[PDB]
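Novice: Encoded as structure tokens, here's the structure I'll be asking about.
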Amino acid sequence: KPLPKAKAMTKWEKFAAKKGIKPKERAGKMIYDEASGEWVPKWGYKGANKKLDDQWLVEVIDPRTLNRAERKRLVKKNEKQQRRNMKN
Amino acid sequence: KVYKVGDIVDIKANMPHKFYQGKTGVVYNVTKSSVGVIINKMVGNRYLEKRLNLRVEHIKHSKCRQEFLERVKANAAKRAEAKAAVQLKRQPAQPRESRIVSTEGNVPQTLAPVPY
């Protein structure tokens with residue numbers, strides 16, 4: 001088989017090369033939160049992403065479903081970006 | 001349980017993530033799996049209105065209105081009886097009246113606050 005030297009030319013790499021933004025160091029999943037006395041990692045197990053839905057007070061039409069819809073729309077936008085970059 | 005707009009309910013809870021417990025209100029909006037209760041807040045001395053949304057799992061009906069209906073029914077019954085009394089207004093707790101107590105029941109004793 002040939003050598004898969006080809007890589008992803010996604011716009012992010014070009015922007016990072018142009019900008020001075022150094023790549024993230026991937027410190028860890030353990031983010032910190034308040035009012036719980038626990039780390040509650042960002043993503044990986046019962047993270048803060050679902051905390052807004054789990055919490056029983058949304059003081060501000062159902063707003064709980066709107067956050068999930070927004071997250072799904074962001075995921076769809078990421079998928080669209082992946083599809084666009086796949087043509088590179 | 002079944003809930004409808006305008007029903008008076010209390011914010012039940014089963015660390016709490018906030019201190020909104022005990023803020024009674026009236027449900028102004030209902031949906032598939034959520035309800036909306038109106039609550040009042042204030043800054044300084046100026047009262048303000050606040051819209052509040054809660055999960056139905058931690059809401060219970062308010063029993064405050066039951067006393068009013070019971071009093072209305074009692075007043076109606078008193079009025080009906082009057083046709084065959086007066087002064088049907090509620091009376092406050094009156095002070096205790098004089099009474100005689102015999103020492104035979106229990107002779108006074110000394111409890112010696114030494115204590116011991």
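Novice: Does chain B classify as rounded, prolate or oblate by the C-alpha gyration tensor (a ≥ b ≥ c root eigenvalues; a/c under 1.5 gives rounded; else a/b over b/c gives prolate, otherwise oblate)?
Specialist: Oblate, because a/c is 1.5 or more while a/b does not exceed b/c.
Novice: Also, I was wondering about something else. So, in nm, how far is label B:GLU104 from label A:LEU57 when the simple model puts each one 7 Å beyond its Cα toward the Cβ?
Specialist: 6.2
Novice: Run the dipole for region A:22-85 about the Cα centre, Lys and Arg Cβ at +1, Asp and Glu Cβ at -1, nothing else charged, and hand back the magnitude in debye, nearest 20.
Specialist: Roughly 760 debye, rounded to the nearest 20.
Novice: Can you figure out the FRET efficiency of B:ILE38 with A:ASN49, using R₀ = 35 Å and their beta-carbon distance, to the nearest 0.05?
Specialist: Taking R0 as 35 Å, the efficiency between B:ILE38 and A:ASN49 is 0.75.
Novice: Given the rule -39500 (n - 2.57) for each run of at least 4 DSSP H residues, summed and divided by the residues of chain B, what is its mean residue ellipticity at 222 nm, to the nearest 500 deg cm²/dmol?
Specialist: For chain B, the value works out to -5500 deg cm²/dmol.
Novice: Taking the Cα centre of the protein assembly as shown as origin, sum charge times position over the Cβ atoms of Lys and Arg (+1) and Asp and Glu (-1), and report the length of that vector in debye to the nearest 20.
Specialist: Taking the Cα centre of the protein assembly as shown as origin, the dipole is about 2220 debye.
Novice: With the Cα gyration tensor of the protein assembly as shown giving a ≥ b ≥ c as the square roots of its eigenvalues, does the rule (a/c under 1.5 for rounded; else a/b larger than b/c for prolate; else oblate) give rounded, prolate or oblate?
Specialist: prolate
Note that we place each Cβ from the backbone using ideal geometry, even for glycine, and neighbour counts take in every protein chain shown. Read the figures in this text as sums done on the coordinates, not as results from a lab.
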